[PDB]
Each structure stands twice: as C-alpha cells, then as structure tokens.
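Enquirer: Quick one: structure below, then a few questions.
Number of protein chains: 2
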Amino acid sequence: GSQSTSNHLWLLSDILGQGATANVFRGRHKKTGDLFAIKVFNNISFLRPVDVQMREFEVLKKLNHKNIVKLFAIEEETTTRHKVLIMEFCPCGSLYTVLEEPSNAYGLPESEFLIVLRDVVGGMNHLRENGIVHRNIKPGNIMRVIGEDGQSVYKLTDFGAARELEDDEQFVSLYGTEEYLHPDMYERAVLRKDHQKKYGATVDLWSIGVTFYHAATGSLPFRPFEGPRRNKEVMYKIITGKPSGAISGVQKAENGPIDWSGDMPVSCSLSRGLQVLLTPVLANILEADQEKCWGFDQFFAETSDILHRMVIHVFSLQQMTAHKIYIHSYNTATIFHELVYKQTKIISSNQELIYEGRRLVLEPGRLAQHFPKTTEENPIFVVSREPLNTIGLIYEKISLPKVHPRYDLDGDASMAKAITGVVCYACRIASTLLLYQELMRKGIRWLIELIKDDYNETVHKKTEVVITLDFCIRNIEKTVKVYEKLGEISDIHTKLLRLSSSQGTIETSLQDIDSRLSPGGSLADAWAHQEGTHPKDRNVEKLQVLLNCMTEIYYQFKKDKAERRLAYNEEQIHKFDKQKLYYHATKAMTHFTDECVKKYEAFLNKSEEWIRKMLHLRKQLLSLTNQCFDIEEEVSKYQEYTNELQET
Amino acid sequence: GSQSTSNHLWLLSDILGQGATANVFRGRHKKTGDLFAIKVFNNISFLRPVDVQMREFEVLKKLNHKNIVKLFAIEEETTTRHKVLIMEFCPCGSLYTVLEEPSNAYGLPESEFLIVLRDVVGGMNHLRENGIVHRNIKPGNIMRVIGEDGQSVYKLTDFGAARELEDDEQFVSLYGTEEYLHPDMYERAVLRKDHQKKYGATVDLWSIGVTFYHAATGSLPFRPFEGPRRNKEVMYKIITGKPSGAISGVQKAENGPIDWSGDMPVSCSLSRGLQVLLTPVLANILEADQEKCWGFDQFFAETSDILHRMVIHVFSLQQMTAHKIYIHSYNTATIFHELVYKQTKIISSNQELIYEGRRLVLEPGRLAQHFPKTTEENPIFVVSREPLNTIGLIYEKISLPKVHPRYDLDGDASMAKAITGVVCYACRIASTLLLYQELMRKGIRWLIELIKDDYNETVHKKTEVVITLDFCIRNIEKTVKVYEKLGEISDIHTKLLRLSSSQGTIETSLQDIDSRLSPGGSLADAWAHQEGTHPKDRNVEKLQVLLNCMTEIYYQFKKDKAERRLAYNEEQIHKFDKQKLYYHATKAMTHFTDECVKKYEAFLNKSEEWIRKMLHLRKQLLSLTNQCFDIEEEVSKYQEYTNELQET
Ligand SMILES: O=C(NCCCNc1nc(Nc2cccc(NC(=O)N3CCCC3)c2)ncc1I)c1cccs1
Ligand SMILES: O=C(NCCCNc1nc(Nc2cccc(NC(=O)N3CCCC3)c2)ncc1I)c1cccs1
C-alpha cells in the first residue's frame, strides 16, 4: 500500500514517526525525486472541533526558521483528499537517535551539547516571538541536520500539540510526554489530580529543563527504583517534593529514601567551568512554584550569557588539571584571573602564565578578544608559587554490567548498548589521561627553560653587581693610602668586605643551582619520558579497535531485536557473539585498568615529587636574586658616597 | 548449494576470490562459528602432475609468519573428499580493495604506504628464508588486517603459483598477472616470444616494483594510450625499451611517442624526503637486464635502510615549506644539517632552529634518538639569514572529469570513483594549506619574540658598554687636571668622544628598531590573523560534508553496477543522483578554488613582504650589536691603559 498526492508520493513502509493524531512518512517528490517528510492525518483526528485542526496549519504558515523544520507546501492526498504536510527531511535522525549512540550514554560532548542549547533556544525563541507554545518538547521532537560546515543544527517539529497563545494567556488542556511533563501538568495528565489549576508558558521550560539534563548526563533527572513507567506515583512525589535548587533526585532502593542532588553527576562529560553556569540555570527553571520559577527573559538572559562567552583553555601544572574558562569577549584580564581563581583556587597575584614556550604577561584591562588563540592541545599554563595539592583528573570509575545467560533479544541489545557505553566512557578517560601527561611533559619542559632565564638574568645582575662593588672597594683603598702619606670609611669597609664575602658565597651557591638545573640534577624532566604513557603506545587506538568490534555487534543486535524473531542461523550466532562481545569488553577494561590508568597513577606520584623539587628550588633562586637587588639598592647609596667625594 | 567438511562449512554464495585452479570462500567453523577462508580446488586442477599439486600443500606447512596468511588446518570435503584449505580470514579486504577507495586514487598516505613496505618485505623475506617463490604478487594477493593497535598489517597469500626454489635455481614455467609481469616473463606469457630464456627469483622483485608505484601514485608505471589490455604490444615496448633509471613511461597519444620519467609524479602523496630514498630503489629493481637489476641483499639493504630511519618534522619559514627528514637514530646533528640542506638548500651554518617558542641549539655529535619529539603540528622551524625564494606548497592542479549524459552504469560508477577521487585530493590540499598558514602564524609569532630577546641582550650589553666608557672618559679628566695644576692622552680622548657620540646614535637607532618591533611597527604579525584562512573558517569540514554526500552516492553506484540491471525505481534515481553528484563536486571545486586557494594565495604574497621586512631588520640589529662588541674589545685595551696607570 502507498499513498500519493499531486506533487508528492510516499510508501507506507517508510515511517519516520508514529503519533496519536497523525504519522510521518519518508517520501519523495514526484518530479525532482527529492526527499520530504509527509505527515498524514488519520480519521481519528477528524473527530475534533474545527478550531483545533485549524491551528496546526495556521501555525506552520506563520513560522519559518533555521531552528524550525521548514514546511514547504500543503497538498491533498489523491484518494482521501486529506491534508498532508510536506516537511523538511532530517536523515541524521532526532536527538533521541543521537542519545542512543553508546558514546553519548554518559552525556553528550561539550561541543555537541552547546549546539543543542544554541538551536533549541533559538527555535523556542522564534516560537515565543510568534506566540506559539509547543507543549510536547522531547528529544524525539528535536531533529538534527548536518549543516554545510559540518556542525550539527537542531530544529523543532511536531506542532500537533501547538496553538496560538498570548504572553499571559493560560489554558487547561493537556499535551506532552510523561517524563518531560511539568509537575502541575503531570498532576492531571498522569496521576490525574485536579486541584483546580491552570498552566502558562512555563510548562515549556520544564520540558526543556529535563531534556537538557538528559543530554549532559545521559539519564533523566528524577529516577525512581522501578522507573517513571513501572512506578508513576514515586515520579510525582520527587518533582512536587523537590527542594528549591536541586537538579536531580534518585531512590536507590525499592520503596526507599530519595537522594536529591543540587550538582551535576561525575559521569557528566562537560567541563567544570560549564557546569558552574549550567547548574543554577537548571535549578530555577525546574520547580513547581511559578513564583520561584524563571520567566523567558530570565531564562534567555542566562543562556545568552553563556552562548556569548568564548572559551580560553587553561592547564594548571600545580594541580595537573585542565580547565575551560568561559569568559566574555569584552571582559578584562582582571575578571579573567577571578574566573581562574574560582576553579583552581590560585590567587590573582600568584598566577604566572605560560604560553608556547614563554611566560605570558597580561595588561589589567586587555579584552578577551585579543587573547592568544587557545586549544586543549595548546592552552595557557598556570603555575603557582604557593603550594597546592595535585588533584589530577577526576572521573567516575564505572564497571561492566553483569551478563545473563538469558537469550532475551531485547535484553541482549540493551545490554549491548550499555556495555558498549562503558567502553566508550573508558576510552574517553584514556584519551584524556594521554592529553594530561603530554601537556605535562610540554609544560615541565617549558618551565625548566623558563627558570633558566631567571637564573641567567640573575647572573647578569650578579656580574653587574660584583663589578660596582669590586671597583668601589678598589677606589677607596687608594684614597686612604694618600692620607697616610700626607670613622665612616672604617665602618664602610666592614660592610663592603662582608658584602663581597657574601657575594662570593652566592656565586658558589648559584653554581649549585646550576648543577641542579644541569641534566640529571634531580630537577631534569627525563623522568617524564619513562614513567607515564606516550602517544606512541597507541593505547587509545587499541581501545578503539575493540570498541569497533563491539559497536559492530551492537548494531547487529538492534537489527536482531527489530526482527523480533530470528532464523536458526542468526539465532545461534547471536548466542556466540554474546560472549565474543563480552570477551572484547573485558579485554578492554583489563587493558584500561592495568595499562592506561596504572601508568598514569605512577606518573601522578612522580609528578608530586618533582613539583616539590621545583617549588623548593625557585624559592632559593628567589632569595639569592633578591640579595643581589638588596646590594644593588645599597650600592646606589655607596656609589654616590665615595664617587661624590670629588665634587670640588 | 553449499559444501561442508568435518570441522568446517561454507556457502558457495560467499566468494572471496576466483582463481584458475581453485576458488576461495568465506566460511565458518562448525563448532565455534568463527570465520575462516576455505580454498576449494576444482576438477581442472586434478589434471596436473602429482608434483605440482603437492608443493602448495608442502609450502604452507613450512610457512608461518605475521606477514603471511596463516593456514590452520587441511581437511577434506564431505562429498568430493577434495582437499580444502582453512585460511585466515581478512575482512578488511585486499590491497586492491584499499586502492579502490577514492582517497587513495592519487596515492596512499605516507603512513599506510610505509606499512605496506614493512609488511610486504617482511612477507617476501620470510619466503626467501624458506626458499619459496610466489610468481603472482599482486594487490589482490596482499591481504589487509587490523592489528590490535589499529595499525594495518599486510599478509601474502594465494601460493597456487608457488614452489620450492633454491637461491640460484631457475625455471621455465609461467605464472602471474599481466601488468605485474617481468619483461622476460611478459615476453613469453603475453606476447609469447621465445628467445630461449630462463627466469630466476628476480621476477618477484618486478611484481613488487610495479605494485609499489601503484600504491604511491594511484596508477601503473607504464601506461599506453589504449591501456595494458586494449594494446598489449605497446606495453611490451615500454618495459623492454625503458632507459636505465626511469621509473615510469606513458604515451599520451594513440600510436605516439612514449614519455619516460625518472622521478615521482606531482600527484603523489609522499613527502619529498621519502621520494629521495624511494626513487633510486624503484630505478634498479625495475629493469630487464639481470646484470643491472638488484639482488635481494641490495634490495633489502636499501629498504631496511629506510624502515630503520625515524622521521623528524621540519618546517622552513623562509620557503614556507614542510619537510619530513628521514634520519637514522644513530646519526648526528652534523648529518642532520646535511639532510636539511639537501631539501631546503640552506647552508649548515645559516640554519637557526626554533622549537616550541625557543631557539634550538644542537651538539655536533648528539644522536637523533634524543632529539625532541616532533609532529607536523609541532615541528622544528628553520629560518635562514641568506635570502631564499618562498616557494610554498606545490601540488598538481587537477580538475573534474567531463560527465557524459550516457546512462552506462559501469561508466557512471567509474566516473563516480574518479570524481570522488578528485574531491578527495582537493580536500587533502585544503587541509595542507590550513596547516601551512597555522604553522606560519605560530612560527612568525615565535620569531618576533625571539628577535626581542636579541634586542634585549644587546641593550644589556649597550648599558654595560656605556658604563665602562662613561667612567673611562670621566676618570681621565681628573688625571689631566692635576697635571695642569702641578700625545697619547690627547689621541685617546679623540677616539673616546667619537665612540660616545657613535654610542649615542646607536642608542637612538635602537629605539627606532624598538619602534619597528612595537605593535604596528610594520613588522607586527597582526596581518597574519586577517589575510589567510583560519581553522575557525571550517573550510575542510565543509569540503568533507559534500564529500560525504559524494561517497554516499559512489558506494550506491557500485551496488547498482553490481546488479547489472536495475528496477525502474533505482534506475531513474540513479539518473537524478548523477547530476546531484556533479552539483556536489562542482560546488566543492568552486569553493576550493575561490575560498581555500585564493586566501592562501594572498597569504603567500603578504608573507614574502614580511620576510623581506624581517631579513632587513635582523641585519641592522646585527650590525649595531657588533658595534657594541667592537667597542667592548676596544675598551678591554682601554680599561687596562688608564686604570693600570696606578701600578706603583
Ligand atoms: O513529526 C513527528 N515527530 C518527529 C519525528 C518524525 N518527524 C520527522 N523525522 C525526520 N527524519 C528522521 C526521523 C527519524 C529517524 C531518522 N533516522 C533514523 O532512526 N535512522 C536512519 C539511519 C539509521 C537510523 C530520520 N524528518 C522529518 C520529520 I517531520 C511526528 C511523527 C508522528 C506524528 S508527529
Ligand atoms: O587466495 C586467493 N586470492 C586472494 C583473495 C581471496 N583470498 C582471501 N580473501 C579474504 N578476505 C577478503 C577478501 C576479499 C575481499 C574482502 N572485502 C571486500 O571486498 N568487502 C567486504 C566489505 C565490503 C567490500 C575480504 N581472506 C582470505 C583470503 I585466503 C585466491 C582466490 C581464488 C584462487 S586463489
């Protein structure tokens, strides 16, 4: 069976989505053969008043955006003469399709997540300008397309639950999915509890809030033990009893206590600087009370505050940590040091910056626009003088789910995704560990070369200091000899001889430091090229190979799950590949824990020692340099004492 | 239909390859279900003597290697009781399968090519140790597998043309493919011309030589106008009339002159340093005369000479060129400067090295093993003082093949590969251009910061010079005054006053240079962040997107070519996608020539100017620094003249 129109034709076999009122089919144009999404209304929809079915058509006419799926034309089917919608086709799937990829099981990358935020807001903002509410915002209703620049672009669709609504106009009707439903709408739609309430446009922001937490963590904010489906009552108690500010809540036992948390889970894949901005945003937009809830202006202000911010990559040698500093293009270096202090706890005055081999000096009022180009591979380093605990990288240690001998195809494919998702997360940490050690080797190399510059300039000063002093003591000796031929002077020589003797000891102790900076002087960076891992070890490429064999089985298990039943051939191979998948995953985790992690552990342990070796040396080099300056400001009073004896 | 054995079973539908004597089928083990390649001999093979069919089994028993497809067992078919071979399965295809990928149409990458060389030699070397000749070495007979580390691994197979042969033992029988055939064997196998000749083990090296040229360029060395198939006679005249040393020869007209070349084509994707080692190797192993031909020792010596070499990435700012220096781990920096001079034409003494923000100094005898880690993204820069022409990147400008309105499915899929291969090459150049400009910005930034160090130390010397001079002239004035109270000296003051006046002019002209190094002093690198392209332009990602749409159509055209005939649906869509493929390719080439290339052209033009601005300034800064040293060696004769007047 297949339907057709005047300018379009589609198969009933190609179904993009299946909704209540209508379905959406992958179809082609009759003349050009180009792909378009055809939405066909079923007869059930025609048993609604003439105003409801009118809006959805009058809505798409007024709406056209880059973050909204473009409606090209409205035509009639050849037989039923039903109104069909010619929508823009998005072959890349929906946001739901993306979140099914095992790599995103523990949250989207920091890059693809910001795109989602950028496009969703932009689509919702365009709905706000026209005054259209959606009331059904789910990852399934957010499509994804590949732009000309490769960057993903997200558009909103499925406006079957949409209608024209004024800025302050309320309603009583119900729309939306279960998990992404507002506490007040969940009260009537799921538990069905009428306390005589009305709903504004705040219900859109909740559906957005739940969706956003799902993209960054890989799971829903509020999770009962049985789940939102198996136990609907617990789901409602969490959202209506949630403390103001909390962004998540999960019970870990059947009919037990609920664990609320006002912070992102460690499993998240976002930077620390991004979570600082995100957490308060999710806190206020997620609450039952309309008073404490945010408005669109307060929503857009904070989101546009984040999207306008650029990113300056900063790596701290002292703590061995990587940071993404989210700063505005119009902020100064003063605000920059504040933002770095908030994460790394380093005082603004102790922050010495290093970039591409050289130390970096910042003007107190230079804008962030003119800051040097930074990447994770080549960021700006921050080494402190004040001692700090080397924390390193923090990640949630996650193991493989237990495998049942059960044959359940739905369970195997679901186990396949989960277990492929754990290896994807393990591979993500391994590649991060490799970056930390490599930036460490580059940072330490740059640091020891920088200290040599301090040593060299100090010596140049010491040579400049010793010349003035040796001439001064030589010039007075001639003066006191012509006196004997024909109090102060005696008191001057005492200090001068003591200075020359102390200057001599400095000269010797500086050679000791030079012996420390010398190759193999305990401060050498030769240890770093042994202890930890190297890019030449190709540990990540190894993990990726096993992961390639795992993702091959997983996508095959989906097609086996899609068949519902399998022939004898595909059945027994599925039983065989189930252990092969497990033997691949266990080999990876074994290789991950025994090779990648351990070599990084030993690198972190030997890093702390060298840091303490460095901090000690820079202190001694500091004092000796200051002693050269103390004499420098002392000879300024000396060079004008004896040399000014010849005024007239 | 399907055959089976005692421990194995395979379908006759799954065919890996089809040869003369036997075929190879993708099969599975009965118990484990693991994949193995089953080779089944046809009845035609049984009409050969008992010695010929014996060897191939006795050969695989004696041979087991990492670069040789492992034979696991020899079993008998259930019905025919024919001897079947259980071979190692290589799902990644053969070398022929790899060369069909459009990206490798103009030659393999420098990385995947060296792996081929490493594995082929290693496989051939293991054949040499056992004394087994192959006589059928083709890209189809070289399999590829993904190692545990992700690196490709190539193994030899199809030993149907193989037999035991001593180190000096010859033969008269014939084996091999047409294009990869030795001139003496081509003389009897294709043109069939018996001049009473015998063949040694040199015939293997020719089949290797032709294969290697096919992997680096993407085409065969000797190409007639019609081709090696449509015109067999011309093929023979090229290989038997080839000048000693030439590695290629192509006639560009029907029945016309042959164009010989002893150098790699510009379309090649190998570095300049790798072609220097490769060219002479291909020259001697490719010749009819056994006298001038190379032996395995002379073959292995040069190939192991290359494979033992490491790679030091070097970028020349002066010529705006990237270089791969192939050096041994036991070579010194003396040999290193020689290897750099051979490519960049820069004298060993004028070579000033820069790495990660700082200038690099090399010990005359330091081994290459301890050289700093280098990559293309972070290589060692070489800036000269002697002027050099800025060549930049050199590539062959290749356009799209003309598209016929003809419907020929074989022609369309072949046109699809070719036209997808041109966009792949265009995308390769674009990503290289992006790297050249980025390394240029980093190199120039590092350079101007380095010149500031030279300026600063010169000032420190000038301040050190001016102090001695000002004291010297002050010390003599007191001496000549006590003389008047109670020739040389007069001649000394003349030079001293002239030195102090010249020192004053230096002080002023140094401030001029400081005004040149100052932001916006015509030597600023602010121009580089405007003129050329940036990674933020995402030009490569754009080209990749169109290329993704093209590679989607190409693989679909292969399946359409495989069907031989198409249903009406797939037929007309093929006709529609043919222009869609062309509109994608033309949009890419248009975007490539008007955006990527042009912005790079303007960057190269503004680079030459700044280089001339830099070379001029460093000269003036040099002379002024030398004038400070000239006075320094002049005051050493002065400070011991007047200050030594007080000996007794
Ligand atoms: O409108 C709706 N709901 C929104 C959803 C349907 N709507 C559209 N869906 C696409 N495209 C699309 C979709 C889905 C999945 C995929 N891709 C995959 O799963 N793949 C393909 C590769 C392998 C796995 C591409 N375009 C346009 C539209 I409009 C409604 C559906 C039923 C009532 S309302
Ligand atoms: O031995 C022979 N000649 C060498 C060739 C055949 N021999 C083997 N071939 C594989 N594996 C294989 C092969 C080919 C193609 C591919 N892959 C593809 O084309 N694909 C798959 C993905 C889509 C495109 C994988 N293993 C083992 C062997 I042994 C002979 C063949 C007939 C007489 S002799």
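Going down the list, the protein sequences come from chains A and A'. A prime marks a further copy of an entry chain.
Residue numbers 0 to 485, 496 to 657, in the entry's author numbering, belong to the letters of the first sequence in order.
Residue numbers 0 to 485, 496 to 657, in the entry's author numbering, belong to the letters of the second sequence in order.
All C-beta atoms, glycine included, are put in the ideal place defined by N, C-alpha and C.
1) When we look at the beta-carbon of A':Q318 and count the other beta-carbons within 10 Å, is it buried (16 or more) or exposed?
2) What are the boundary residues of the beta strand (DSSP E) that A':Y325 is part of?
3) Counting only C-beta atoms, is A:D453 closer than 9 Å to chain A' at any point?
4) In the structure shown, what three-state DSSP assignment does A:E74 receive?
5) Which residues, taken in chain order from the stretch 49 to 62 of chain A', show a beta carbon closer than 8 Å to some beta carbon of chain A?
6) Where do the ends of the alpha helix (DSSP H) carrying A':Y424 lie?
7) Note down, in chain order, all residues in the stretch 139 to 157 of chain A' with a beta-carbon under 7 Å from any beta-carbon belonging to chain A.
8) If A':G149 sits next to A:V422, beta carbons under 8 Å apart, how far is it from one beta carbon to the other, in whole angstroms?
9) Should A:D203 be labelled buried (16 or more other beta-carbon atoms within 10 Å of its own) or exposed?
10) Rounded to the nearest angstrom, what separates A':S430 and A':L107 at their Cα positions?
11) Say yes only if the C-beta of A':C89 is nearer than 8 Å to one or more non-hydrogen atoms of ligand 2, and no if none qualify.
12) So which of A:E385, A:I393, A:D288 and A:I582 has the shortest CA-CA distance to A:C267?
13) Would you report the Cα separation of A:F112 and A':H369, rounded to the nearest angstrom?
14) Please report the straight-line C-alpha distance between A:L526 and A:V275, rounded to a whole angstrom.
15) Can you pull the chain A neighbours of A':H459, defined as C-beta to C-beta under 7 Å?
16) Going by beta carbon distance, what residues of the same chain come within less than 7 Å of A:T467, once the five residues before and after it are set aside?
17) If you follow the alpha helix (DSSP H) that A:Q636 is part of, which residue opens it and which one closes it?
18) Using 9 Å as the limit for Cβ to Cβ distance, is A':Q250 near chain A?
19) Got a sec, what are the start and stop residues for the alpha helix (DSSP H) A:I284 sits in?
20) Which residue comes first and which comes last in the alpha helix (DSSP H) that contains A:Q553?
21) Check for me: the beta strand (DSSP E) holding A':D13 runs from which residue to which?
22) Comparing the CB of A:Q17 with every heavy atom of ligand 1, is any distance shorter than 8 Å?
23) Tell me which residues share the same chain as A':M234 and place their Cβ nearer than 7 Å to its Cβ, disregarding the 5 neighbours each side in the sequence.
24) For A':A72, count neighbouring C-beta atoms within 10 Å of its own C-beta (all shown protein chains included) and say buried if the count is 16 or more, exposed if not.
25) Between the stretch 377 to 388 of chain A' and the stretch 348 to 363 of chain A', do three or more beta carbon pairs fall short of 8 Å?
26) Buried or exposed, going by whether 16 or more other CB atoms sit within 10 Å of the CB of A:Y592?
27) Taking the C-alpha atoms as reference points, what is the distance between residue 488 of chain A' and A':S247?
28) I need the boundaries of the alpha helix (DSSP H) containing A:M123, first residue and last residue.
29) With a threshold of 9 Å between beta-carbons, can A':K241 be considered close to chain A, or not?
30) Grouping DSSP H, G and I as helix and E and B as strand, with all else coil, what is A':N22?
31) Applying the criterion that 16 or more other CB atoms from any shown protein chain within 10 Å of the CB defines a buried residue, is A:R473 buried or exposed?
32) When burial is assigned at 16 or more other CB atoms within 10 Å of the CB, is A':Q17 buried or exposed?
33) What does a CB cutoff of less than 6 Å around A:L434 pick up in its chain, not counting 5 residues either side in sequence?
34) Since A':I620 and A':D534 should fall inside the 8 Å C-beta cutoff, what is the C-beta to C-beta distance between them, to a whole number of angstroms?
35) Note down the Cα distance separating A':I305 from A':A282, rounded to an integer number of angstroms.
36) For the beta strand (DSSP E) that A':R143 lies in, which residues bound it at each end?
Expert: Judging by the given coordinates:
1) buried
2) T320 to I326
3) For A:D453, the answer is no, since every Cβ of chain A' falls outside 9 Å of its Cβ.
4) strand
5) Look at the stretch 49 to 62 of chain A': it has no residue with a C-beta under 8 Å from a C-beta of chain A.
6) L408 to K484
7) The residues in question are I145, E147, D148 and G149.
8) The Cβ separation is near 15 Å, so there is no contact.
9) So A:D203 ends up on the buried side.
10) 16 Å
11) yes
12) A:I393
13) 42 Å
14) Roughly 40 Å separates the two Cα atoms.
15) Close partners of A':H459 in chain A (Cβ separation under 7 Å): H459.
16) Taken in chain order, the residues that qualify are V644 and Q648.
17) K607 to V644
18) no
19) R271 to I284
20) Under the DSSP assignment, A:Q553 falls in the alpha helix (DSSP H) whose first and last residues are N548 to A571.
21) Unbroken beta strand (DSSP E) run through A':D13: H7 to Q17.
22) yes
23) The answer, listed in chain order, is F221, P223 and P227.
24) exposed
25) yes
26) exposed
27) Since the model of chain A' includes 485 and then 496 but nothing between them, residue 488 of chain A' has no atomic positions to report.
28) For A:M123, the enclosing alpha helix (DSSP H) stretches over residues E109 to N129.
29) no
30) strand
31) Exposed, by the Cβ-count rule.
32) A':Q17 should be labelled exposed.
33) none
34) Going by Cβ atoms, the distance from A':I620 to A':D534 rounds to 12 Å, so no, they are not a contact pair.
35) In a straight line, the C-alpha of A':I305 is about 16 Å away from that of A':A282.
36) DSSP places A':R143 in the uninterrupted beta strand (DSSP E) bounded by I141 to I145.
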